[PDB]
Ligand SMILES: CC(C)CCC[C@@H](C)[C@H]1CC[C@H]2[C@@H]3CC=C4C[C@@H](OC(=O)CCC(=O)O)CC[C@]4(C)[C@H]3CC[C@]12C
Ligand SMILES: CC(C)CCC[C@@H](C)[C@H]1CC[C@H]2[C@@H]3CC=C4C[C@@H](OC(=O)CCC(=O)O)CC[C@]4(C)[C@H]3CC[C@]12C
Ligand SMILES: CC(C)CCC[C@@H](C)[C@H]1CC[C@H]2[C@@H]3CC=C4C[C@@H](OC(=O)CCC(=O)O)CC[C@]4(C)[C@H]3CC[C@]12C
Ligand SMILES: CC(C)CCC[C@@H](C)[C@H]1CC[C@H]2[C@@H]3CC=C4C[C@@H](OC(=O)CCC(=O)O)CC[C@]4(C)[C@H]3CC[C@]12C
Ligand SMILES: CC(C)CCC[C@@H](C)[C@H]1CC[C@H]2[C@@H]3CC=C4C[C@@H](OC(=O)CCC(=O)O)CC[C@]4(C)[C@H]3CC[C@]12C
Ligand SMILES: CC(C)CCC[C@@H](C)[C@H]1CC[C@H]2[C@@H]3CC=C4C[C@@H](OC(=O)CCC(=O)O)CC[C@]4(C)[C@H]3CC[C@]12C
Ligand SMILES: CC(C)CCC[C@@H](C)[C@H]1CC[C@H]2[C@@H]3CC=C4C[C@@H](OC(=O)CCC(=O)O)CC[C@]4(C)[C@H]3CC[C@]12C
Ligand SMILES: CC(C)CCC[C@@H](C)[C@H]1CC[C@H]2[C@@H]3CC=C4C[C@@H](OC(=O)CCC(=O)O)CC[C@]4(C)[C@H]3CC[C@]12C
Ligand SMILES: C[C@H](NC(=O)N1CCc2cccnc2[C@H]1c1ccc(C(F)(F)F)cc1)C(F)(F)F
Ligand SMILES: C[C@H](NC(=O)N1CCc2cccnc2[C@H]1c1ccc(C(F)(F)F)cc1)C(F)(F)F
């Protein structure tokens with residue numbers, strides 16, 4: 001069971017790399033690039049939410 | 001001078017007593033076309049004509065080939081000049097010709113034809129520059145021409161082409177989506193007058209609709225009818241026919257629904273027969289439209305959807321007649337319901353000419369990329385979380401239906417509202433387990449160790465929290481932000497785009513037989529049984545246009561320098 | 001709303017012969033789906049019955065389907081996708097477009 005759990009977590013890590021490898025399509029990649037610039041807003045929202 | 005590309009000398013020769021008609025009438029033309037042509041230009045023209053072809057491409061290519069092997073003199077020099085991207089030699093030829101707006105539009109389309117090729121970047125960009133240039137000239141010429149005489153301008157716009165390219169001025173404009181030319185007031189007003197018909201364009205836009213329901217009310221002159229006799233003119237107006245068809249379509253939809261769900265039996269009753277008759281008439285009109293067009297009729301989607309609706313309906317008709325089998329009746333009812341779904345959504349499409357909300361409907365097409373991007377991200381996250389949770393909880397399932405139900409459906413259900421799963425928390429569980437697969441319930445949780453759940457709680461709950469946080473609120477808010485930007489940016493272009501579509505629909509509706517829908521059958525049955533001055537005025541307006549250009553050029557007010565000298 | 005409601009009601013409960021209930025099922029529940037809850041739990045067949053009324057005497061919805069020798073007859077592989085697509089389009093896409101237009 002412990003090994004199966006480790007496998008599932010490894011699968012989670014493996015899957016998300018698809019979004020990264022799909023940055024050259026030229027049909028939706030420029031949108032993927034802009035996600036990096038939106039982290040500060042998320043962090044600010046999380047700070048306020050956690051305090052409340 | 002023509003051979004050596006001396007534009008100023010050409011102009012000086014022409015204006016200073018030279019007669020171009022006599023010079024062109026000589027056989028020199030043949031010579032000028034047999035040898036002068038650049039080899040690469042000839043090869044590129046031939047390959048372009050072969051690859052794409054068109055109503056005009058073949059005409060000019062054939063004339064040129066005829067001259068090379070061994071009337072319309074100036075139309076040949078114009079194309080000669082325009083092929084080689086000669087800016088200063090094409091304009092003079094354009095000025096000399098007759099009916100020059102038409103030639104300018106054709107040349108604009110022709111230049112835009114070859115812009116796409118990537119063999120040479122500069123060779124394409126320069127030609128595209130000239131293509132853009134000619135459109136403004138044509139538009140300004142027509143705008144100046146129309147501001148003086150409405151009737152003569154409208155007459156000019158419908159001149160029957162004498163095989164310049166086998167198409168009219170308006171036809172050439174619509175060929176290549178030069179929306180600016182059509183969107184300009186003049187053509188729009190022409191289309192409005194064409195659509196309304198006899199009725200005046202100041203009828204208050206609601207009195208006619210009121211009079212439509214009350215046939216006897218036509219007598220009293222509530223409407224400014226002037227541009228019995230009325231009852232054959234009022235009912236021939238395309239506007240009234242369209243409104244009456246819309247009303248009939250809504251009534252048919254109501255009857256179809258009532259027959260479908262309220263009253264359905266093994267043996268059809270009279271309402272079913274009436275509905276069959278109406279769908280038959282729709283099918284006949286569909287075949288008419290199929291005939292008048294070729295195979296390009298299938299290029300768009302709505303016609304395909306209509307065809308699919310008719311085919312589904314006839315398939316349902318076939319299915320339902322087997323009264324012996326009770327199951328076939330249910331299958332036919334299902335087919336009818338799906339066909340009804342297809343039928344209903346066409347209302348939104350047919351409501352694109354209201355002018356009160358249609359421009360909004362047009363913009364929906366530009367928002368598909370955002371939806372697809374959102375769906376891509378959502379699907380990836382859904383797959384990840386579902387696979388992980390199902391793998392860690394319920395060991396082996398050996399049933400495709402339930403595994404697909406758990407992996408995808410519930411995490412998808414988590415998008416709006418409810419938590420993806422209550423199984424993650426262990427405080428409540430059991431009473432729904434099924435150790436054996438006989439029962440139709442999910443496989444029991446975990447591989448419980450001496451009768452206790454085995455999975456931990458300190459990984460499942462954070463998984464759920466993070467997954468829901470990312471999918472439910474972040475992605476949706478990003479979607480709304482993208483929608484906001486997209487709707488904001490494309491606003492100004494929207495009106496022109498919608499006006500172009502307005503023309504495309506106005507001509508289609510005017511061309512139709514213009515008979516109220518129920519009685520059209522008789523028309524087809526009877527059909528089966530049966531089976532110069534304007535150019536001079538344009539030249540004058542051109543003289544004025546060129547004088548205006550010269551005055552604009554001279555408006556620099558720099559003559560003080562030469563006066564000082 | 002009209003499209004989805006008519007299709008679902010037509011495919012599930014055969015003939016109703018009661019204007020009030022047909023209007024209640026065709027319009028009201030799909031409308032209720034706009035904010036929050038799923039338009040209908042009837043689509044899934046794992047849970048059903050205990051609310052059926054074969055006769056129209058009682059004030060409950062007409063029983064599901066024309067069950068064949070005591071089993072529900074309607075399939076699950078068209079109803080569920082219908083619900084998913086309808087809810088996707090109505091609940092979130094239209095509302096987000098509304099907020100963008102308001103902005
Ligand atoms: C179940 C399995 C066996 C089949 C699943 C199908 C996918 C593997 C196929 C379907 C469509 C394919 C895609 C069609 C288009 C593109 C864009 C292409 O990106 C570019 O090169 C664009 C370059 C540019 O625009 O200049 C890369 C391949 C990709 C993702 C293709 C790769 C593989 C895809 C995703
Ligand atoms: C237990 C089962 C359900 C696991 C399924 C594995 C998934 C991770 C695979 C199966 C099919 C895959 C999809 C096949 C096709 C596409 C379209 C592809 O989009 C494009 O091709 C863009 C091309 C372009 O526009 O340029 C993005 C990935 C996606 C959703 C693939 C991503 C991963 C998917 C969902
Ligand atoms: C239950 C049934 C029998 C009656 C339902 C009523 C509808 C059939 C009526 C009510 C109001 C009518 C509408 C009133 C206004 C317009 C706009 C009109 O669009 C235009 O021609 C605008 C042209 C322009 O703006 O320049 C087309 C008819 C329509 C949809 C009318 C057609 C039929 C409608 C929808
Ligand atoms: C089982 C029963 C409930 C089925 C009912 C059939 C519906 C598909 C019909 C019935 C009444 C129809 C409506 C009657 C009037 C209008 C207003 C109409 O809007 C306009 O007239 C715009 C005119 C303008 O502003 O220019 C749009 C369609 C709508 C909602 C019609 C669309 C279709 C409706 C809802
Ligand atoms: C359409 C997009 C935008 C939304 C996402 C779609 C999924 C949520 C849909 C697509 C196909 C659906 C599946 C198609 C078929 C079935 C089998 C069905 O169970 C049966 O096979 C009933 C008959 C039998 O027991 O044999 C349960 C739902 C499921 C997994 C459906 C549930 C939801 C799925 C995965
Ligand atoms: C013990 C719990 C957390 C269960 C294990 C699950 C984690 C392994 C998953 C849950 C959420 C996942 C994270 C979701 C978001 C991000 C940000 C992402 O940041 C980037 O690399 C892109 C930004 C940039 O390039 O600058 C990297 C993966 C990470 C940490 C993901 C990787 C794996 C995480 C931590
Ligand atoms: C107002 C707009 C913006 C929102 C959409 C309106 C519908 C959700 C409302 C309009 C009229 C309502 C109906 C008006 C009358 C009735 C009959 C009522 O049942 C009865 O007739 C009780 C008395 C009896 O049993 O005889 C149940 C609700 C229903 C269908 C109402 C339910 C919801 C409806 C369709
Ligand atoms: C087996 C399942 C899917 C039950 C059957 C229901 C389908 C027939 C319905 C459900 C959702 C409907 C779709 C919702 C959205 C669209 C996009 C729409 O795209 C356009 O034509 C407009 C865009 C453009 O003009 O470019 C066409 C109809 C379609 C596929 C609809 C047609 C019929 C669909 C597929
Ligand atoms: C992570 C990202 N994928 C996403 O899907 N999103 C979701 C949407 C979005 C919008 C704006 C900025 N970032 C994201 C991003 C995201 C960022 C942070 C978190 C955290 F809170 F968990 F940290 C979760 C997801 C990829 F894997 F590609 F790197
Ligand atoms: C389909 C459209 N009607 C709509 O109502 N919408 C809803 C709102 C909207 C907003 C932005 C872009 N498109 C739409 C559009 C829509 C687009 C895709 C989907 C899909 F996901 F199912 F594919 C469903 C609906 C009409 F029938 F008229 F063609």
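Residue 1 is the first one shown; counting continues down the chain.
Method of determination (from the header): electron microscopy, 3.4 Å.
Cβ coordinates come from backbone N, Cα and C, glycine included.
Taking Swiss-Prot as the reference, the stretch among B:171-196, B:197-222, B:327-352 described by the feature transmembrane segment is residues B:327-352. Swiss-Prot lists transmembrane segment at one of the ranges B:427-457, B:458-488, namely B:458-488.
Feature intramembrane segment, per Swiss-Prot, maps to range B:400-416 of the set B:400-416, B:502-518, B:536-552.
Per Swiss-Prot, residue B:269 and residue B:420 occupy the same side of the membrane [matching topological domain names]. Swiss-Prot tags one of the stretches B:99-135, B:358-394 as transmembrane segment, and that stretch is B:358-394. Nearest by CA distance to residue B:438 (N-linked glycosylation site), out of the binding-site residues B:286, B:289, B:303, B:306, is B:306.
Note on residue B:289 (Ca(2+) binding site): other Cβ atoms within 10 Å of its Cβ, all shown chains, come to 13. Of all the Cβ atoms in the protein chains shown, 7 others lie within 10 Å of the Cβ of residue B:438 (N-linked glycosylation site). Within 8 A of the CB centroid of the Ca(2+) site residues B:286, B:289, B:303, B:306, the other residues of that chain are B:285, B:290, B:297, B:307. Within 10 Å of the C-beta of residue B:286 (Ca(2+) binding site) we count 15 further C-beta atoms, all protein chains included. Within its own chain, the transmembrane segment (B:327-352) has Cβ neighbours under 8 Å at 246, 249, 253, 256-257, 260, 264, 266, 302, 305-306, 308-309, 312-313, 315-316, 319-320, 358, 361-362, 501, 505, counting only residues six or more beyond its boundaries.
Pairs of Cβ atoms less than 8 Å apart link the transmembrane segment (B:301-321) most often to B:270-293, out of B:238-262, B:270-293, B:358-394.
Residues 348, 351-352, 403, 406-408, 410-412, 415, 420-421, 423-424, 442-446, 455, 459-460, 463, 467, 470-471, 475, 478-479, 482-483, 486-487, 490, 494-495, 497-498, 501 of the same chain sit 6 or more residues outside the transmembrane segment (B:358-394) yet have a Cβ under 8 Å from a Cβ within it. Packing against the topological domain 'Extracellular' (B:263-269) from elsewhere in the chain are residues 320, 323, 329, 333: each is 6 or more residues past its ends and has a CB under 8 Å from a CB in it.
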